[PDB]
> 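Have a look at this one before I ask anything.
Start at 1 with the first residue, then count along the sequence. All heavy atoms count here, side chains included; hydrogens, waters and symmetry mates do not.
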Amino acid sequence: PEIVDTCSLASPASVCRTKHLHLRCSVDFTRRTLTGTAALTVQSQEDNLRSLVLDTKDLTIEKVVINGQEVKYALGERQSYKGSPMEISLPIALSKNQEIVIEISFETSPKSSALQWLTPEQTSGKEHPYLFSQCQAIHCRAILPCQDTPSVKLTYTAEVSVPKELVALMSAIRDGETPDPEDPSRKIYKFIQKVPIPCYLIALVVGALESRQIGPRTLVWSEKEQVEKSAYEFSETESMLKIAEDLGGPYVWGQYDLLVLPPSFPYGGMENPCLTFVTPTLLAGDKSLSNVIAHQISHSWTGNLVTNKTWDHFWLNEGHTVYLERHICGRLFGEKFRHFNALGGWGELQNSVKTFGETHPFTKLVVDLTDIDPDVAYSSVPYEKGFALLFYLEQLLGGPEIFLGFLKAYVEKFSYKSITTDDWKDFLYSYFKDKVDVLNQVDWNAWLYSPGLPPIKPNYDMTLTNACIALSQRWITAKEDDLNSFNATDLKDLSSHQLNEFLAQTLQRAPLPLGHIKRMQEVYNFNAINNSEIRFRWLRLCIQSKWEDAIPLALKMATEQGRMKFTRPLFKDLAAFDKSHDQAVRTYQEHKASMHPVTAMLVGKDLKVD
Ligand SMILES: [Yb+3]
Ligand SMILES: [Zn+2]
């Protein structure tokens, strides 16, 4: 009764399980390689085990040692994005539950899809280079040989040699630093992760980093030039940790540090344990994008403690975490705000479903990733169809206090484990046994397995949304002789969040007439806003509405940062505008070599430029 991880080529957890990784490596900026040894402590789950298979991607293997002697191994043919399977022949057959240590000597490729190597010119300080990883979903195999499946959890320790002017950090507790005895131009940084984790949570950064304390268990890390602004921007972090602990139970990870990466970091935030990674596009100056912090914090329960068994079940990670995120922000800013953000998320789902099409398999809640790259299937669907299901169930079963009791019991039940949608569903029924007649009203096949918008829409408070819709509708319904009526005062009682939702509402009906968009800049001066979420939607509205003056502004945002949420749609919208098409493509081609490897692939696909 085992389950299949169709994104991994390694032996499954039913055959063998990695219990620990000891990584010893050196970061070579002249070669853009990580070189070292991965010592995997492996437990047999079978009688008479005589071989096993690991995932690899663009790794060079030097040798494999067990019991102090080299052993036979073979690398199979590459399977596209999944990489190449590595079969290791064990020297003595293992009994069930026997544990051995396998030490693999390897080197990464400069093209490693897990890594971006930055030159000094690409950093803030301009003197030193920089390295960062991103393993979720299936890029840990492009760093080191492993069972690259979230169905397996392991502890780890590491020693990382770097040029002595730089700092290494990992998703782990810091365990000291020392000069490298093999090379006095280097330092060795040590790390320990004593909580078992899925390997997609392994993370590394190397650069000219400094730290500032912002709470009792939190330092923010960045280059010098960003430290002061980051400490302010993220100053709600400890209050959010305290709320999260109330909702999910104790925080088990020791430290909660934050790392603010350079602008090409591909995501808004990644929940690497003990060291969340975030985009610098969160530095709005007013703490207004802190829901991304609340999301990563929440993963310290839903995701890092309770984990999806395979990426087909990614909605478990994300839906529950958006649910908790929105509760943290509702406790800080009020229940009307929670419903505002919830309703907005439904808008996002509407957008995503229209983009893929209402029958598309990537619009199912549980996806089948057989032969699909997870990076391509990735979308807002698991987040927002997931959230919508849990919000619907909250309403069905008695409200937020009652549903939060379920969430905490779910985290407790499945801590340190990896689970499927059916495990989740079974526990829901158990917990809610005295409401099973309500539960049986749910159309489970449609919500879990059908494409498109869900079969039923929750109920949402409208208080904070109403002014956004009203203003949007005034603009959409305006004719030329109404344009004079608009004025800066129209925005005076709108928060940044409400201005963003006004633009989202308006973008859903784009294009508008060019003269309307010019009027908007004349009276609202949106070109002056630096909030990245607001600028992104404004520039999309401008390019879809065929305003040539917006072309250079959209090109610049698309290239001067690399969060894919912003760069992919800006490039797509520029390619679709005939006036900007040729330049969009020439700009992608010019920048491709120095982009994040996954962002480069996905922008190329989006533009049909191979
Ligand atoms: Yb009129
Ligand atoms: Zn997440």
> More than 12 foreign heavy atoms under 6.0 Å from NZ of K408: is that the case here?
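It does: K408 NZ has more than 12 such atoms within range.
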
> With side chains defined as the heavy atoms from C-beta onward, is the minimum distance between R338 and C329 less than 4.5 Å?
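No, every pair of side-chain atoms sits at 4.5 Å or beyond.
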
> Give me the ring orientation class for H339 and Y460: parallel if the planes are under 30° apart, tilted from 30 to 60°, perpendicular past 60°.
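Plane angle over 60°, so perpendicular.
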
> Answer yes or no: are there more than 12 heavy-atom neighbours, outside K287 itself, under 6.0 Å from its atom NZ?
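Counting neighbours around NZ of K287, more than 12 heavy atoms of other residues, nucleotides or ligands fall under 6.0 Å, so yes.
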
> Does the side chain of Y416 come within less than 4.5 Å of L305's, by heavy atoms?
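Side chain of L305 against side chain of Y416, heavy atoms only: contact under 4.5 Å found.
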
> Taking the side chain as every heavy atom from C-beta outward, state whether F191 and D175 have any pair of such atoms under 4.5 Å apart.
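A side-chain contact under 4.5 Å is absent here.
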
> Under the ring-ring contact (aromatic ring centres under 6.0 Å, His included) test against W424, which residue among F414, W315, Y431 passes?
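Of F414, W315, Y431, ring-ring contact (aromatic ring centres under 6.0 Å, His included) with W424 is met by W315 alone.
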
> Please verify the inter-ring angle class for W311 with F314; under 30° counts as parallel, over 60° as perpendicular, anything in between as tilted.
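Judged by the thresholds at 30° and 60°, the geometry between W311 and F314 is perpendicular.
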
> Are the side chain of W301 and the backbone N or O of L247 linked by a donor-acceptor pair below 3.5 Å?
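Checked: no pair found.
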
> Output yes when a side-chain donor or acceptor of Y156 lies under 3.5 Å from a complementary backbone atom of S171, and no otherwise.
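Flag set: sc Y156 to bb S171 pair under 3.5 Å.
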
> On the ring face of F387, is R326 found with NZ or CZ under 6.0 Å from the centre and within 45° of the axis?
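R326 over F387 ring: yes.
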
> Strictly distance-based, threshold 3.5 Å: is any side-chain N or O of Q147 a donor or acceptor partner for the main-chain N or O of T18?
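Yes, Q147 side chain to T18 backbone: donor-acceptor pair under 3.5 Å.
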
